[PDB]
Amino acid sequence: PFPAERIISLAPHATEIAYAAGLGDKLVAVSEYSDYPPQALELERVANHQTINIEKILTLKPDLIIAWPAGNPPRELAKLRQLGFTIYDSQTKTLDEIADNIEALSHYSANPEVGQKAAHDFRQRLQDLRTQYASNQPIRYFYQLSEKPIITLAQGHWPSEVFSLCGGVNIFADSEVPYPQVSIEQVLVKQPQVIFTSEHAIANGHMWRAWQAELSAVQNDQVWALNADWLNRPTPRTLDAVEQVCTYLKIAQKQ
């Protein structure tokens, strides 16, 4: 396509993949929470979970925008397309798509070998992890994005695929929306073998201690925090989430 000179990222994960793809030096704006690699804190922000700042983007004249269709507002992305910007749509469902993203984005780099290498390395480590964590048996898990309200994941949407590599089975897989709000009772009824939550919830005392009697996951000491930066952004660091998730689901075979 062409070595881009003024690149904008509309998502935290997209900023990580941009740096891995050898584009980081050409970024001129990123999203809120684009905090990795940490120098990205230095760049101006043009997007958050509710709004893309199209005025500022006009002001910046990007020759490449790295979009996150799954998380960005559809109307504003459509506007950017209608305005004639060159846009790469980052797809964010599978683990192999992370490497695909990096390899695609490397086409816009002045040094495509960087992204070529990063994708190669990702693919090899992903292969290593698939081999290493095959022995895991199916475990039914609950993954909490928040305690108030309880939001979880469903329909195979990200990060469902991280868990599935390890044999993990989402208790809310068959929900009518991809990120459903669920009640305490809904979880309690479902009887997850493992509960995954945030480091914050653990540190403060997690909400499921009160429910030890009704939750085998609590009796068995299988409520664990996951690193949300690794897990919920599809990036090279997702392979550390794979390790973390897979190690915990391995432990969960103890009974």
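One-based numbering along the sequence shown.
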| query | Of the two stretches 21-29 and 232-240, which shows the higher Cα B-factor on average in the entry? | reply | 21-29
| field | 203-211 versus 189-197 - which carries the larger mean C-alpha B factor in the record | value | 203-211
| note | Scanning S90, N72, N111, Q127 for peak Cα temperature factor in the entry gives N111
| note | Comparing C-alpha B-factors across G156, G84, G115, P149 in this entry, the winner is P149
| Mind checking which third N48 falls in for C-alpha B-factor across the chain? | middle
| task | Compare the C-alpha B factor of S164 with those of the other modelled residues in its chain, then answer lowest, middle or highest third. | result | middle
| task | Taking the values exactly as deposited, rank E97 by C-alpha B-factor within its chain and report the matching third: lowest, middle or highest. | result | lowest
| Third assignment of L41 from its chain's C-alpha B-factors | middle
| field | CA B-factor ranking of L226, expressed as a third of its chain | value | lowest
